[PDB]
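Asker: This is the structure I want to talk about, given as structure tokens.
Residue numbers (the entry's author numbering): 1 to 122.
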């Protein structure tokens with residue numbers, strides 16, 4: 001029983017997806033949407049990483065959606081079909097990553113939510 005806690009949300013009807021995408025522009029935090037075709041992939045190995053990360057980074061809203069029921073969202077950002085951790089800084093598009101990289105995720109959230117990016121500079 002999680003009834004959607006303070007972790008990486010899991011929208012599944014747009015309405016929910018917005019509940020976050022909107023809590024970033026006004027809230028003053030970066031956005032992190034975790035798309036997905038249908039299988040996703042690991043959805044277990046990095047499971048305790050995403051959700052746990054959403055909270056670890058209070059400078060973001062975090063959220064996961066399915067590009068099979070509301071793809072309309074992924075089609076706007078151009079994801080195609082995958083666990084793309086598409087981002088929406090300022091309410092547009094800062095960049096994307098993927099829900100299968102434990103070295104590319106926390107690395108992107110730091111550049112958008114971390115405002116420091118603990119991974120090289122130039």
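Where a beta carbon is used, it is the ideal one built from N, C-alpha and C, also for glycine.
Would you tell me roughly how many angstroms separate the C-alpha atoms of residue 72 and residue 112, rounded to the nearest one?
Answerer: The alpha-carbon atoms of residue 72 and residue 112 are separated by roughly 24 Å.
Asker: State the start and end residues of the unbroken alpha helix (DSSP H) segment that holds residue 22.
Answerer: Residues 15-25.
Asker: Smallest Cα separation from residue 29: which of 94, 82, 76?
Answerer: The candidate whose alpha carbon is nearest that of residue 29 is 94.
Asker: Which residue comes first and which comes last in the alpha helix (DSSP H) that contains residue 105?
Answerer: Where residue 105 is concerned, the enclosing alpha helix (DSSP H) stretches over 105-112.
Asker: Have a look at 7, 120, 3 and flag the residue whose alpha-carbon is nearest the alpha-carbon of residue 58.
Answerer: With distances taken between Cα atoms, residue 58 lies closest to 7.
Asker: Could you spell out the range, first to last residue, of the alpha helix (DSSP H) harbouring residue 76?
Answerer: 74-77 is the span of the alpha helix (DSSP H), which, as asked, contains residue 76.
Asker: Quick one, which of 64, 22, 54 has its alpha-carbon nearest residue 40's?
Answerer: Checking every option, the nearest Cα to that of residue 40 belongs to 64.
Asker: Which residue's Cα is closest to the Cα of residue 84: 105, 20, 121?
Answerer: Comparing Cα positions, the closest option is 105.
Asker: Apart from the five residues on each side of it in sequence, which residues of its chain come closer than 6 Å, Cβ to Cβ, to residue 100?
Answerer: The residues are 41, 42, 83.
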